[PDB]
Structures are given as structure tokens and as C-alpha cells.
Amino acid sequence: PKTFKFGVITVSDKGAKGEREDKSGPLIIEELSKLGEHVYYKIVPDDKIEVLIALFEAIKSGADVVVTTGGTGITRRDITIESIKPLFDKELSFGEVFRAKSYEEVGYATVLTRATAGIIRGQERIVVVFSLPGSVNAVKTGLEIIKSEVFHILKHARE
């Protein structure tokens, strides 16, 4: 499991309408660029169709791993996990390990921390999706785990 291609999607109404700069997307790009090859980045509103268009473009572009940031919370606009999780053929224990680490950093606020990861399979092909919260700091923490484990996950995901 020597290298991989990866895409990045940031989900926010404000980011999408250019009213906030996205720092989370670029942090994932920079951090994963040490381990593999960036091939896709897009910002999309908090919208199930736009999120899924972006997930499948990233996959079309070759991404073996895709990380989304944003839309994981409990508001009415938040649809990231509801849109993506039903496509999984295997679900990983990411959210759980993400929460144990984030406890150190936010304690009982992890009750509101939502984050997941899964494998979408084709006949041969495998994609790992990680969905992180929108904050820069949430993402920074997520990345430590992704960097550490992404190779291990790919090796096993590929039979």
C-alpha cells in the first residue's frame, strides 16, 4: 500500500457563497499531500445533491480516499452523514476513535461531535470516505488519525 489519490470536499452554505474563507479544506490538502496525491477539491453548500455530485466527481477523478469537512452536526441544514452513510458497504469505527481523542480537547462536548468513515465498493474498486466536522480544529484532530491509519485501511479494504 505505497501511495493513494485523495479528494476533499468542504460543505458550507457560507463557504460556497464566498462569505467565509475555507481553511479546513486546504488543511486536509496540505496534510494528506504528505502521504498521497491530491486530485480533487470542491466547496459545496449544505445540500444533499451538491454533496453527492462532489463525492462522485472526486471518485471519478481517481480518489481512493475522500474526506469531507462540514455538515456533520445536528442542525436542520446538516445533511452530510445522512447523505453519505447509506452508501457504505463497510462501516469503520472512525467516529468512535475520533471522539475518544476529541474528549481530551472538548470533553463532554463530544456528545455533539459527529464524524464517520466507510468503504464504498465497486466490483473491484474501493473508496474510503471520512466525514469530519467543519471546524479547523476538529479537522486538525481528525487528520492525525487519518494520517496514521489511511494506509492500514486501504490495505485491508482491498481484500
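Counting begins at 1, following the sequence as shown.
In this crystal structure, the stretch out of 121-129 and 97-105 whose C-alpha atoms carry the higher mean B factor is 97-105. Annotation for 112-120 versus 47-55: the higher mean temperature factor (C-alpha) is found in 112-120.
Highest C-alpha temperature factor among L35, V67, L92, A63, as the PDB entry reports it: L35. Ranked against the other modelled residues of its chain, the C-alpha B-factor of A16 as given in the entry falls in the highest third.
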